[PDB]
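K.L.:
Below are the structure tokens for one structure; questions will follow.
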Amino acid sequence: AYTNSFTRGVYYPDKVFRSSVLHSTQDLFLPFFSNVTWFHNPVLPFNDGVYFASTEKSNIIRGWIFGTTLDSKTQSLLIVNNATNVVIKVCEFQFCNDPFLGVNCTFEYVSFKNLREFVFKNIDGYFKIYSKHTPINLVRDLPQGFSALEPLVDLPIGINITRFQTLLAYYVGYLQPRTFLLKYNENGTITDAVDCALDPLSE
Amino acid sequence: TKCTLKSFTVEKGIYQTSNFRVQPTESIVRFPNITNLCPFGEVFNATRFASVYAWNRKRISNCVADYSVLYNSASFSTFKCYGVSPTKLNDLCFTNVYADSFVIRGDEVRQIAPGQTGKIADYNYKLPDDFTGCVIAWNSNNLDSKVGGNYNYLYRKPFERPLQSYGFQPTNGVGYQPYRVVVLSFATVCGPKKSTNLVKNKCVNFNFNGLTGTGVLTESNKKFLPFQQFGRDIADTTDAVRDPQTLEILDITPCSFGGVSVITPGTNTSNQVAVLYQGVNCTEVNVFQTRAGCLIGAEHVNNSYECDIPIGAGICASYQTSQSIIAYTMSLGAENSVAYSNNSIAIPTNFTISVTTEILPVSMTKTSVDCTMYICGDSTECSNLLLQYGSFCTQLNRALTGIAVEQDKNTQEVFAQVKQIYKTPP
Amino acid sequence: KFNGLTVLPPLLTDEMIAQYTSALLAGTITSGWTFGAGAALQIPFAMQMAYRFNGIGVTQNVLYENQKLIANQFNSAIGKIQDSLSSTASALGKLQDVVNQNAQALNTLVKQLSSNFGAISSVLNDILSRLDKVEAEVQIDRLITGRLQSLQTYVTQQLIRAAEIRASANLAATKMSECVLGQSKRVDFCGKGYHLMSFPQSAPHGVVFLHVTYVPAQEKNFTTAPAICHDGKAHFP
Amino acid sequence: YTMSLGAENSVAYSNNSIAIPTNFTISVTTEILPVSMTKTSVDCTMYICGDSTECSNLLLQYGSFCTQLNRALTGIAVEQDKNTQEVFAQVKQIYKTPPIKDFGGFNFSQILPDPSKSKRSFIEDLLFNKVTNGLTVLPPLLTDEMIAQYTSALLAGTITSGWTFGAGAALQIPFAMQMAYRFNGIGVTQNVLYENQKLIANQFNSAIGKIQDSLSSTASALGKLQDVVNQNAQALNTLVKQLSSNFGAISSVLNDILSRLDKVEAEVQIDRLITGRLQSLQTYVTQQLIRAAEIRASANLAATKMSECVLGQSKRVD
Ligand SMILES: *[C@@H]1O[C@H](CO)[C@@H](O[C@@H]2O[C@H](CO)[C@@H](O)[C@H](O)[C@H]2NC(C)=O)[C@H](O)[C@H]1NC(C)=O
Ligand SMILES: *[C@@H]1O[C@H](CO)[C@@H](O[C@@H]2O[C@H](CO)[C@@H](O)[C@H](O)[C@H]2NC(C)=O)[C@H](O)[C@H]1NC(C)=O
Ligand SMILES: *[C@@H]1O[C@H](CO)[C@@H](O)[C@H](O)[C@H]1NC(C)=O
Ligand SMILES: *[C@@H]1O[C@H](CO)[C@@H](O)[C@H](O)[C@H]1NC(C)=O
Ligand SMILES: *[C@@H]1O[C@H](CO)[C@@H](O)[C@H](O)[C@H]1NC(C)=O
Ligand SMILES: *[C@@H]1O[C@H](CO)[C@@H](O)[C@H](O)[C@H]1NC(C)=O
Ligand SMILES: *[C@@H]1O[C@H](CO)[C@@H](O)[C@H](O)[C@H]1NC(C)=O
Ligand SMILES: *[C@@H]1O[C@H](CO)[C@@H](O)[C@H](O)[C@H]1NC(C)=O
Ligand SMILES: *[C@@H]1O[C@H](CO)[C@@H](O)[C@H](O)[C@H]1NC(C)=O
Ligand SMILES: *[C@@H]1O[C@H](CO)[C@@H](O)[C@H](O)[C@H]1NC(C)=O
Ligand SMILES: *[C@@H]1O[C@H](CO)[C@@H](O)[C@H](O)[C@H]1NC(C)=O
Ligand SMILES: *[C@@H]1O[C@H](CO)[C@@H](O)[C@H](O)[C@H]1NC(C)=O
Ligand SMILES: *[C@@H]1O[C@H](CO)[C@@H](O)[C@H](O)[C@H]1NC(C)=O
């Protein structure tokens with residue numbers, strides 16, 4: 001199954017304030033009006049990194065697993081939100097299909113009515129996470145319009161990622177190396193964007 | 001000015017002899033509050049350690065390191081390095097802080113030091129001269145062993161496992177007795193982030209989280225989002241930063257700079273000069289603030305005259321009489337109420353024939369440059385290299401030949417408008 | 001000075017330029033504008049000047065009734081040109097600046113031969129005496145690249161300066177056609193005043209026009225009217 | 001579509017037919033001309049080398065380049081003051097307008113100075129509202145208030161004295177009589193003015209009103225001046241953005257090169273930044289020399305338009 005991304009999946013590309021200005025940047029972005037795979041799950045490719053989102057009113061989706069194998073042979077990311085705090089660890093983990101709810105190691109870290117949206121990417125051994133939250137009316141598809149995702153985590157863990165899966169209404173899209181033009185308002189929030197490759201007017 | 005013009009005589013004018021540039025008064029460094037130091041108490045201050053002939057290492061990462069304290073620590077009676085010194089290590093960072101710790105007889109521990117020799121450095125606790133760091137050891141006969149000897153210790157990869165349980169005794173001196181020791185080698189494991197006080201409103205050199213430059217740091221009304229660290233102007237230029245120890249936003253202004261122009265009458269007329277610091281404020285440098293910059297060594301005057309030497313922003317300077325350089329708002333000419341009314345006319349009753357000279361340039365000095373002789377000076381070895389650049393020398397000769405023929409045409413079009421050489425009567 | 005830089009002579013010598021300014025001037029004096037429009041037609045100079053007064057809306061009799069005075073004012077004003085040009089060089093700032101710009105451009109181009117551009121020496125014979133071929137070529141490439149960039153800089157600035165001098169030569173050619181071979185009505189084209197005539201004089205790298213202009217003087221105020229009634233009808237001049 | 005060049009018109013020619021105009025309109029066609037660039041000078045040592053001593057020494061090996069660039073930009077900068085002065089300073093005295101405005105019904109109030117404002121005219125205030133690293137911008141010699149005193153003097157001379165203030169001292173003449181000369185200067189018998197004086201005054205006053213409306217309703221009129229401001233800003237921003245370029249170097253941040261490498265390798269990498277920044281600055285100065293030649297051609301045109309169109313009455317068609 002699929003739905004249209006519309007203008008979703010843009011994020012703050014760098015740690016820099018800019019205001020009342022338009023900045024052109026090339027990065028791994030979810031392309032505008034691309035098709036986003038819909039789920040209600042199996043192991044998925046990671047490709048050039050992932051946009052992930054879920055329409056929610058219940059908090060059933062608790063986490064993710066990432067790696068090459070996602071199992072035993074090499075260090076693999078486990079990421080969990082348990083409502084006490086966010087957990088991250090990178091062990092050579094072993095489990096069943098997943099440690100999902102029935103309702104060696106080298107690093108560790110701690111920190112429908114709504115959409116939760118996220119981006120996961122990996123450049124130069126920095127694994128990165130971004131997010132945003134908003135209220136919504138539509139349950140069937142990602143909401144139209146725009147609001148940029150902002151960074152949560154930025155880890156020099158140096159792992160190679162080619163596969164991932166979710167830990168238990170949810171959506172997956174792939175980032176691609178594309179030029180975007182980003183509009184920063186007077187307060188230095190991104191308020192609009194252009195995918196330059198979308199159409200001749202966007203070029 | 002004489003040196004700027006490469007001349008001992010200077011004609012009347014204004015000359016940019018130099019550039020004024022306010023120097024950084026001091027250097028700032030700011031980094032975040034020091035945190036996540038590697039827990040080396042588990043190496044040096046713990047109640048036990050492994051036997052040194054059977055030891056193994058582990059790596060610290062995502063951390064600071066206590067190396068700045070370790071470079072002057074009392075925790076060892078002796079120390080040595082295969083890498084750089086600990087004072088350099090406290091100023092550096094590495095992929096991980098690889099380290100190990102153990103109990104041994106003191107001389108057997110020395111026989112496993114980085115770049116040392118013996119069955120320890122050979123196999124029981126390996127220690128090649130390629131080890132990317134330092135090690136330390138001290139006597140421990142009261143705690144590293146029993147009253148019966150070094151049974152809690154051992155003797156004989158880097159800092160890891162000819163070995164056996166140690167032969168040391170608690171009655172011995174620090175070489176023969178039981179001892180405690182550790183060794184390490186070298187991004188994610190770094191020395192501490194030493195940081196200065198903050199200095200607003202002075203021109204300063206600065207470091208903020210590895211951004212560097214010279215500027216006047218100023219308190220500001222900008223509202224960075226909680227994840228943003230730097231601010232940038234339209235053309236990439238950094239124009240604000242967040243202070244990493246107290247998260248307010250500092251607007252960065254460049255340290256004041258500008259052309260220094262020397263205003264002079266001719267050296268015939270005087271050796272006295274005035275200096276304009278273009279766009280500079282007089283607080284940053286007689287003294288007079290013009291809109292063009294701070295002007296020094298000229299008198300501000302309330303009269304107005306024709307513009308002699310142009311300063312800019314309506315100001316001109318001149319040399320006047322007992323003598324000095326003055327500076328004044330230039331006169332655009334005398335004002336005149338034309339005596340207009342709906343029935344008044346003025347009619348000239350006489351004339352002057354005025355022979356106004358006008359002078360126009362018409363031709364340059366016709367030049368041709370033999371680009372092979374200019375570039376290569378009659379060297380064959382050079383001329384063969386100039387062929388690799390292809391058409392450029394031919395294209396430059398063609399361009400200068402076009403200019404040269406054009407000077408003859410310019411001269412022909414002006415003067416040769418007459419078909420016949422007319423002659424004047426006797 | 002030997003370094004491939006050469007100055008070529010103009011096609012016209014300064015004596016040939018002076019024969020042209022002589023011919024332009026002898027035509028202008030003996031024949032008025034007519035030598036531009038066809039064959040030179042002789043006309044007495046006091047009659048040429050009455051045509052030139054009539055060409056600025058000053059009636060011919062204003063010349064003849066003042067011919068001694070107008071002749072003396074011209075002769076005296078030519079005297080003031082000699083006195084000005086004999087007194088100070090500062091009048092010819094345009095031509096002497098054109099000479100200076102070319103001399104500074106050539107001296108910059110020569111001084112750039114002494115620049116290293118990152119080579120071990122700027123003297124090409126030092127490189128070729130000290131270094132063997134494979135090393136020498138690396139240093140000579142820096143001198144070639146720098147001297148070639150210096151010569152492209154020179155030729156680019158001489159192309160832009162030649163375009164400025166050609167704009168001035170087209171202007172001088174137009175001033176000669178309209179101010180010398182004719183009487184221009186273009187306000188302030190042939191000097192500040194109502195233009196009468198101009199005389200070309202040669203100067204190195206340039207030309208000088210002695211723009212003879214009528215400038216009015218000694219005005220009186222009068223009451224004036226747009227029109228005048230007579231037998232109830234309006235009369236206009 | 002294939003463009004139309006204009007409406008088709010067979011002119012009604014025959015060997016004995018003439019068309020004579022029985023009436024006229026006074027038009028007031030605005031024309032807009034560039035006269036000066038933003039005067040600029042670049043401290044080429046501070047632009048190329050960023051106040052680094054290690055780079056500043058290497059830039060000496062290039063000799064006169066970072067000196068003939070300043071001489072070129074100084075020539076352009078002095079030339080902008082010359083361009084501005086050749087256009088506006090065509091007047092010997094700062095003429096001023098009488099207190100009373102008895103100009104035969106013509107109403108210059110929107111183009112004459114407003115003393116409640118700089119003391120610019122109403123239309124000059126519309127025109128001023130419509131237009132919107134070692135690099136330094138230098139002020140013009142004439143301030144905008146001096147330029148406005150020259151356009152006031154030119155305009156007050158033009159109104160009170162006709163062409164006469166160009167040819168000698170300003171001779172006063174009534175404005176209805178000055179326009180009667182302007183009518184003879186186009187071969188229209190001057191009684192046509194005096195007999196249509198109220199109509200001609202109203203056509204002028206209304207045509208001036210249409211300039212205020214046009215300048216208030218669209219910015220597109222000032223495209224020539226806004227294009228000059230845009231080209232100056234585009235050139236300077238391009239020159240600054242080129243500091244961020246690598247030119248094959250390890251980084252475009254000069255302090256990275258000076259900290260990541262030993263001095264021998266660092267000098268090779270810095271010499272790429274020097275070569276690229278110097279080529280960037282030579283490219284900028286060359287474009288500014290060509291653009292200054294274009295602006296000088298426009299300033300010489302504007303100076304000629306002021307001499308012939310303002311200080312006189314040009315008979316040169318269009
Ligand atoms: C000259 O024209 C201006 C407008 O172009 C006239 O000024 C306006 O006059 C009316 C009526 O008094 C006022 O309501 C407006 O506020 C004025 N506008 C401005 C901008 O001042 C002016 O009255 C005319 N003068 C003469 C003598 O006719
Ligand atoms: C010449 O043309 C003008 C318009 O340019 C005519 O003036 C208009 O006349 C009408 C009445 O016929 C008035 O309503 C308008 O207000 C006038 N306009 C202006 C600007 O005054 C004029 O009547 C024509 N004259 C002749 C003899 O044809
Ligand atoms: C992919 O998206 C486009 C709109 O951008 C749409 O036309 C197309 O049908 C989608 N493809 C699928 C398989 O749904
Ligand atoms: C939730 O995670 C935190 C660490 O983030 C941990 O301390 C806590 O014990 C966990 N609780 C449950 C119920 O998993
Ligand atoms: C951990 O790593 C060691 C080698 O360093 C290996 O012998 C061991 O089998 C690994 N164990 C797991 C669960 O990965
Ligand atoms: C990741 O992949 C690179 C090659 O792309 C390889 O050199 C590196 O050893 C890999 N690291 C891990 C932890 O798999
Ligand atoms: C900027 O943010 C403040 C709250 O921080 C808000 O009140 C204001 O309206 C915002 N302004 C703009 C232009 O978005
Ligand atoms: C850093 O530490 C000081 C006290 O030493 C404290 O006042 C300040 O708030 C801290 N800053 C941050 C960013 O935690
Ligand atoms: C300067 O002095 C020289 C002689 O030394 C003289 O020829 C020249 O005319 C003088 N110029 C001025 C402006 O005094
Ligand atoms: C800067 O110059 C202005 C006048 O241009 C002056 O008022 C001000 O005091 C100067 N700045 C300082 C810090 O003195
Ligand atoms: C010059 O002008 C200032 C005010 O700008 C005034 O205080 C001063 O008295 C004046 N001096 C003279 C000699 O006019
Ligand atoms: C006209 O002016 C000249 C000087 O230019 C003077 O000699 C002559 O007497 C004057 N003539 C009259 C009629 O005023
Ligand atoms: C004309 O008359 C006025 C007084 O009505 C006077 O101010 C002005 O100076 C006179 N002009 C001439 C040229 O005589």
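Each chain of the structure tokens is named A, B, ... in the order shown, its residues numbered from 1; ligands are numbered from 1 in display order.
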Env of residue A:25: 9 Å cut, atoms = only C-alpha atoms, seq-sep filter 3 positions within chain, self excluded. Answer as a list in words.
P.N.:
residues 13, 178, 179, 180, 181 and 182 of chain A
K.L.:
Could you save those same residues with N, CA and C atoms as a compact mmCIF listing (two decimals), in the first residue's frame?
P.N.:
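Dumped to result.txt:
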```txt
# COMPACT_ATOMS: atom_id res chain seq x y z
N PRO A 13 18.69 21.27 8.03
CA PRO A 13 19.83 20.53 7.50
C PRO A 13 21.11 20.70 8.33
N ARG A 178 19.13 15.37 -3.02
CA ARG A 178 18.45 16.37 -3.86
C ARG A 178 18.68 17.79 -3.36
N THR A 179 18.70 18.75 -4.27
CA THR A 179 18.73 20.17 -3.90
C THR A 179 17.34 20.61 -3.47
N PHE A 180 17.24 21.27 -2.32
CA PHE A 180 16.05 21.97 -1.87
C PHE A 180 16.39 23.44 -1.61
N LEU A 181 15.43 24.33 -1.83
CA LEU A 181 15.50 25.72 -1.40
C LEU A 181 14.61 25.88 -0.17
N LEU A 182 15.16 26.33 0.96
CA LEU A 182 14.50 26.37 2.26
C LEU A 182 14.21 27.81 2.67
```
K.L.:
May I have the residues of chain B within 7 Å of chain C, counting only C-alpha atoms, written as a VMD selection string?
P.N.:
chain B and resid 343 to 371 373 to 375 377 382 386 396 400 403 408 410 413 to 416 418 421 to 424
K.L.:
Create the file for the chosen residues now, containing C-alpha atoms and written as a tab-separated table (two decimals), in the first residue's frame.
P.N.:
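File part-v1.tsv, as written:
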```tsv
chain	number	residue	atom	x	y	z
B	343	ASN	CA	6.53	90.53	-16.51
B	344	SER	CA	10.34	90.93	-15.95
B	345	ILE	CA	12.98	89.98	-18.56
B	346	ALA	CA	16.75	90.56	-18.52
B	347	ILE	CA	18.38	91.18	-21.97
B	348	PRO	CA	22.23	91.23	-22.42
B	349	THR	CA	23.41	94.61	-23.78
B	350	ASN	CA	26.93	93.35	-24.63
B	351	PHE	CA	28.93	90.11	-25.16
B	352	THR	CA	32.30	88.50	-24.65
B	353	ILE	CA	33.80	86.25	-27.31
B	354	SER	CA	35.13	83.43	-25.10
B	355	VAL	CA	37.76	81.06	-26.57
B	356	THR	CA	37.16	78.03	-24.34
B	357	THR	CA	39.91	75.41	-24.75
B	358	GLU	CA	38.79	71.76	-24.72
B	359	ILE	CA	41.33	68.90	-24.68
B	360	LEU	CA	40.49	65.32	-25.83
B	361	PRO	CA	42.70	62.21	-25.95
B	362	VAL	CA	42.59	60.40	-29.33
B	363	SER	CA	45.27	57.66	-29.34
B	364	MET	CA	47.30	55.50	-26.95
B	365	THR	CA	50.99	54.66	-27.27
B	366	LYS	CA	50.74	51.86	-29.90
B	367	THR	CA	52.26	48.85	-28.13
B	368	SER	CA	53.02	45.31	-29.24
B	369	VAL	CA	54.42	42.77	-26.75
B	370	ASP	CA	56.19	39.70	-28.13
B	371	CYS	CA	54.57	37.35	-25.59
B	373	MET	CA	60.03	37.02	-25.41
B	374	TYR	CA	58.14	38.64	-22.47
B	375	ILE	CA	57.16	35.29	-20.87
B	377	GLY	CA	63.14	35.74	-22.42
B	382	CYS	CA	60.63	27.78	-21.58
B	386	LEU	CA	54.53	27.90	-23.47
B	396	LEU	CA	47.39	38.32	-27.01
B	400	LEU	CA	47.40	44.18	-29.00
B	403	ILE	CA	44.48	47.97	-30.34
B	408	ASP	CA	45.89	54.71	-36.32
B	410	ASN	CA	41.26	56.75	-34.15
B	413	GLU	CA	38.99	59.54	-38.11
B	414	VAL	CA	39.73	62.72	-36.10
B	415	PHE	CA	42.18	64.57	-38.36
B	416	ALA	CA	41.74	63.16	-41.91
B	418	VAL	CA	39.64	67.00	-44.86
B	421	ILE	CA	45.59	69.85	-47.79
B	422	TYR	CA	44.23	73.40	-47.85
B	423	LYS	CA	46.78	76.25	-47.58
B	424	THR	CA	46.39	79.74	-46.13
```
K.L.:
Show me, as number ranges by chain, the residues of chain A whose atoms get within 9 Å of chain B, using only C-alpha atoms for the distance check.
P.N.:
A: 14-19, 21-23, 106-107, 150-152, 156-157, 187-189
K.L.:
Check which residues fall inside 9 Å of ligand 5 when counting only C-alpha atoms and all ligand atoms, and print them as a PyMOL selection string.
P.N.:
chain A and resi 72-75+91-94+104-105
K.L.:
Suppose we keep N, CA, C and O atoms; can you now write the selection as a CSV table (one decimal), in the first residue's frame?
P.N.:
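Once written, selection.csv looks like this:
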```
chain,number,residue,atom,x,y,z
A,72,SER,N,22.9,-10.6,15.8
A,72,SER,CA,24.1,-11.3,16.3
A,72,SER,C,25.5,-11.0,15.7
A,72,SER,O,26.4,-10.7,16.5
A,73,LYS,N,25.6,-11.0,14.4
A,73,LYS,CA,27.0,-11.0,13.7
A,73,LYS,C,27.8,-9.7,13.9
A,73,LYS,O,29.0,-9.7,13.9
A,74,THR,N,27.1,-8.6,14.1
A,74,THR,CA,27.7,-7.2,14.3
A,74,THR,C,26.9,-6.3,15.2
A,74,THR,O,25.7,-6.6,15.4
A,75,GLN,N,27.5,-5.2,15.7
A,75,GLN,CA,26.8,-4.2,16.5
A,75,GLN,C,25.6,-3.6,15.7
A,75,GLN,O,25.7,-3.3,14.6
A,91,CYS,N,24.5,-3.0,20.8
A,91,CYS,CA,25.0,-4.4,21.0
A,91,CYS,C,24.8,-5.3,19.7
A,91,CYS,O,24.0,-5.1,18.9
A,92,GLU,N,25.6,-6.4,19.7
A,92,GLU,CA,25.3,-7.6,18.8
A,92,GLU,C,24.1,-8.3,19.3
A,92,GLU,O,24.2,-9.5,19.7
A,93,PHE,N,22.9,-7.7,19.3
A,93,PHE,CA,21.7,-8.2,19.9
A,93,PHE,C,21.2,-9.5,19.3
A,93,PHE,O,21.3,-9.8,18.1
A,94,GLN,N,20.5,-10.3,20.1
A,94,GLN,CA,19.8,-11.5,19.7
A,94,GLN,C,18.4,-11.6,20.4
A,94,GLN,O,18.3,-11.4,21.6
A,104,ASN,N,28.6,-8.8,22.3
A,104,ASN,CA,29.4,-7.6,22.6
A,104,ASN,C,28.5,-6.3,22.5
A,104,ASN,O,27.5,-6.3,21.9
A,105,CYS,N,29.0,-5.2,23.1
A,105,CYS,CA,28.5,-3.9,23.0
A,105,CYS,C,29.6,-2.8,23.0
A,105,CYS,O,30.7,-3.1,23.5
```
K.L.:
Can I get the residues close to ligand 2 as a PyMOL selection string, where close means within 9 Å and we count only C-alpha atoms and all ligand atoms?
P.N.:
chain D and resi 22-26+196+198-204+206
K.L.:
Please check which protein, DNA or RNA residues sit within 12 Å of ligand 9, counting only C-alpha atoms and all ligand atoms, and write them as number ranges by chain.
P.N.:
B: 8-13, 265-270; C: 86-90
K.L.:
Specify as a PyMOL selection string all residues of chain B found within 9 Å of chain D, counting only C-alpha atoms.
P.N.:
chain B and resi 19+212+234-237+254+257-259+278-279+291-292+310-316+330+332-348
K.L.:
Find the distance between atom CA of residue B:390 and atom CA of residue D:288 and write it in Å to one decimal.
P.N.:
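Value for the atom CA of residue B:390-atom CA of residue D:288 distance: 28.4 Å.
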K.L.:
Around ligand 1, out to 7 Å and counting only C-alpha atoms and all ligand atoms, which residues are there? I want them as a ChimeraX atom specification.
P.N.:
/D:107,109-110,209
K.L.:
So which residues are near ligand 6, meaning at most 10 Å away with only C-alpha atoms and all ligand atoms counted, given back as a ChimeraX atom specification?
P.N.:
/A:67-68,74-76,125,157-161
K.L.:
So that I have them on file, write out the residues from the current selection with N, CA, C and O atoms, as a compact mmCIF listing (two decimals), in the first residue's frame.
P.N.:
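In the end it all went to again_30.txt:
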```
# COMPACT_ATOMS: atom_id res chain seq x y z
N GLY A 67 20.62 -2.05 11.32
CA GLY A 67 21.98 -2.57 11.12
C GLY A 67 22.20 -3.08 9.69
O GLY A 67 21.48 -2.69 8.78
N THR A 68 23.18 -3.97 9.50
CA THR A 68 23.27 -4.80 8.29
C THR A 68 22.40 -6.06 8.42
O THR A 68 21.43 -6.22 7.68
N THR A 74 27.11 -8.57 14.13
CA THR A 74 27.74 -7.25 14.29
C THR A 74 26.91 -6.32 15.18
O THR A 74 25.73 -6.56 15.41
N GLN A 75 27.52 -5.24 15.69
CA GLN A 75 26.85 -4.21 16.48
C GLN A 75 25.63 -3.64 15.72
O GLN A 75 25.72 -3.27 14.55
N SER A 76 24.48 -3.60 16.39
CA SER A 76 23.18 -3.27 15.80
C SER A 76 22.40 -2.34 16.72
O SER A 76 22.39 -2.55 17.93
N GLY A 125 29.69 8.19 9.53
CA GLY A 125 29.57 7.49 10.82
C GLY A 125 28.74 8.21 11.89
O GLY A 125 28.54 7.64 12.96
N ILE A 157 28.72 6.86 16.25
CA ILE A 157 28.85 5.41 16.51
C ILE A 157 29.46 4.59 15.36
O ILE A 157 29.93 3.48 15.60
N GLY A 158 29.50 5.12 14.13
CA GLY A 158 30.30 4.53 13.03
C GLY A 158 29.78 3.21 12.44
O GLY A 158 30.51 2.52 11.72
N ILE A 159 28.53 2.83 12.74
CA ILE A 159 27.90 1.59 12.27
C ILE A 159 27.44 1.72 10.81
O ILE A 159 27.06 2.81 10.37
N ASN A 160 27.43 0.61 10.07
CA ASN A 160 26.87 0.54 8.71
C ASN A 160 25.42 0.05 8.79
O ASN A 160 25.14 -1.00 9.38
N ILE A 161 24.48 0.81 8.24
CA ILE A 161 23.05 0.49 8.26
C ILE A 161 22.55 0.27 6.83
O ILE A 161 22.68 1.15 5.98
```
